[PDB]
Structures are given as structure tokens and as C-alpha cells.
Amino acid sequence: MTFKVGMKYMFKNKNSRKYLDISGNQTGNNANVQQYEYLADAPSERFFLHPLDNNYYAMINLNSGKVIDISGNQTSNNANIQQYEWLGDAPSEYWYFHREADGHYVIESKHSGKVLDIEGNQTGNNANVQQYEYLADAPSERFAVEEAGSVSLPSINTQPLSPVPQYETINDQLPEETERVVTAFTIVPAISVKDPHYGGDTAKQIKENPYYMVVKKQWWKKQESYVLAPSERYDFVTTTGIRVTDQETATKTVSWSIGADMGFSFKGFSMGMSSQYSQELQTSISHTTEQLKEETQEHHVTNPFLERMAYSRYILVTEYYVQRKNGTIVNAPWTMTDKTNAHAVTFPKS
């Protein structure tokens, strides 16, 4: 049930011993899913399996870059199985893999509760793939999931976040910024990225760039430095959050943005990937439709000492970007400051 990211898979029907295939090596929406005898190197018979929310999988064709789908979102017996572009919010594109005792799988629609099937128990080339109600004895509903060779995934080196700078003396000049370090990344399939180098060409995109890397880079930025006299109160203002421009870059690239609660706000072609994104980039799922904006905060500092007190304030900066196989960036990064992750450092220490 834990299939491998970047492993090419073929689906061998128990009854026919023939393979899930896209009719005519077609690239377009609504192209028929059929069975066809084993071919040594036809990409139309190979699929990536990408894990989705709630332990479903996307079945992504290596020729088309489109996914296994139910024609017209039908819930009935005999409804046709086709390919269609990954939408995210289409339950007919989500598949649950039930393992049987002999190692075959039954492949159940999230939408319909019916399973992949060969129409009429047919054994011939080009026999149609449909959905049918789950049946205890129906070898036409059983598929062997066979590894057909794995593809290298992009990678980047991660490390711990820099610590917040501290005063050793009242005279120390604390840095404007710490080193920028990658604290997390996640590998997402091409279905997850709208890349202007490919536009709507899903076939060319999956052939050249089947997997992208979403990178999270973080550092501390100094907002304020001041030395308070004894008895001094120092008041100041900060601007935090994210530019509308940067939210638009996130939305058009990976179809998520930053919620007002600092969580990931998922919609469209990022739906189904909320668990992977939140877990692997170590950021909560947003509990709000409200989007983070630039906001102004008011701050005060009072000096509790009978001597001068040095004061700096640091805020956590997070930059996200999407990296191609070839190391280039899709669109541009988006950058936020988190008002809920700010630290004051003083000398003497408080």
C-alpha cells in the first residue's frame, strides 16, 4: 500500500494478463483507458503512483501526464474509465488500493465506491476498462501492480535553522540577517505544478520534468535595534506578512497560498496534497479561507534595569520556491514574515 514516488508502475489484469493502457497513445482529456498486451517500452502502459490525502493515489500516465478518471463523474456500474488532467478537487481521480491474499489489488474509486474492471471479463487487446461494484470472485477486477523501473528524484541539502543572534556585550552589533538555510523540501509530481515552460502541455511536462522540488528556506531578519536609557520606553511599528504579488505567485505555481493563521491554504490542483505539503514542509494546514496580508503591529519595550539596555527584535522569514529537475526556478519565490515567530534579545539578558 506504500507505493514508491518516482517508480514507474504497470497494472496487469489477473483475468486477461493484459495491461492498463491509454487508447492510441492519446495525450488529451477523455482519452479511453483500455487493456493491451505487455510492450517492452511503450510509455502509454506506464504510470506513476502519487500518494494523496487519506491514503488514495493518483494514477499518472507517463505518456499523457494525465490521470485515471471516471467519464462524467458517474457512480454507476459499467461507467467508462478514461484519462483527464489532474484537477485536485475531482474525487473520480482518487484511487484506493486494496491488497488481496495472492498480492493482486482491487482499485476502488473514492467517488463511486466501485472498482476498476475489464468490461465483460474480456481477454483481448483494446478491451475497455470500466468500473463495477466490488465482487468477491471477479478476476477482471484484480490487477498486479508491477514495478517497471524507477526515475531519479531532485534533491537539496537541508540543515538546522540558525539560532537567533544574542548580545555578549551592550556594544555588540547584531547582524541584519542570519544565514539563509533550507529547513525542508518536498518532491511533487508535474500534476502539482503549473510551469509556464510547458503551459497545458502535460505530455511534454511529464517527459522532461516528471517531479519538481518545493524548497523552504528560512532565516532571522532584524526588525529593530535600539539602546534604551534607564527609565526609557521605546515604541515602534513593524510590517509583517506577505505581498499580494507573492500570494499570486504561490497560487498560480502550486495552487496554495498562506492563510491569515500562517497555515497552508489549499484549493484546485493542490487539493489531495494538503497532508504531504503540510507534513514535509513542516507548516500547519490553514483553518481559515482568509489570506495573510501585510499588517502593521505596534510594539513597546521598557528598560527594567538601572543601566542602559540594548534591544534587538528578530522575525522568522520563510521563502518557498519550486525547482525543476535542471535546477532552474518556476516563476519566482514567495516570501513571508511570521509575526507569531518573533524574538526580542537584550543586554543585559531578560
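Sequential numbering from 1, following the sequence displayed.
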Notebook entry, point to check: As stated in the PDB record, which stretch has the larger average Cα B-factor, 21-29 or 337-345?
Noted result: 21-29
Check: Looking only at CA atoms, which has the higher mean B factor in the entry: 275-283 or 245-253?
Finding: 245-253
Check: Among 154, 189, 165, 139, where is the Cα temperature factor highest, going by the PDB entry?
Finding: 139
Margin query: Take the CA temperature factors straight from the PDB entry and tell me which of 197, 222, 216, 180 peaks.
Written below: 197
Notebook entry, point to check: residue 304's Cα B-factor: lowest, middle or highest third of the chain?
Noted result: highest
Checklist line | Third of the chain's Cα B-factor distribution that residue 291 belongs to, per the entry | finding: highest
Check: Based on the entry's values, in what third of the chain does the Cα temperature factor of residue 298 lie: lowest, middle or highest?
Finding: highest
Item checked: Within-chain third of residue 53 by Cα B-factor, per the entry -> lowest
Item checked: Among modelled residues of the same chain, the CA temperature factor third for residue 72 -> highest
